[PDB]
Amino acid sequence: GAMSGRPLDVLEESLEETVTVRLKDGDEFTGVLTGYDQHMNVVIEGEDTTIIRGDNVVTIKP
C-alpha cells in the first residue's frame, strides 16, 4: 500500500513492548507501551502507569 509502515502501525506492533518516549522538555519515559491513540497519546507502564499527551512527544524509540 501507501505510506510504508505507518507510524501508528509501528506503534501497534510495539504494544506490550518496552519503548522510550522523549518529550519536548527533555524528559524521557521508558516502560511498556500498553496503549496509544490517533493523536499519539501513549500509555507507558513502568513501576506505574503514565499517560503522556501526544503533543509533548518528540521521538518514540519502539
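For every residue, the number given is its place in the sequence shown, counted from 1.
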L8 by Cα B-factor - lowest, middle or highest third of the modelled chain: lowest
Which third, lowest, middle or highest, does the CA B-factor of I52 fall in along this chain? lowest
For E16, does the deposited CA B-factor place it in the lowest, middle or highest third of the chain? middle
When the modelled residues of the chain are sorted by Cα temperature factor, does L23 land in the lowest, middle or highest third? middle
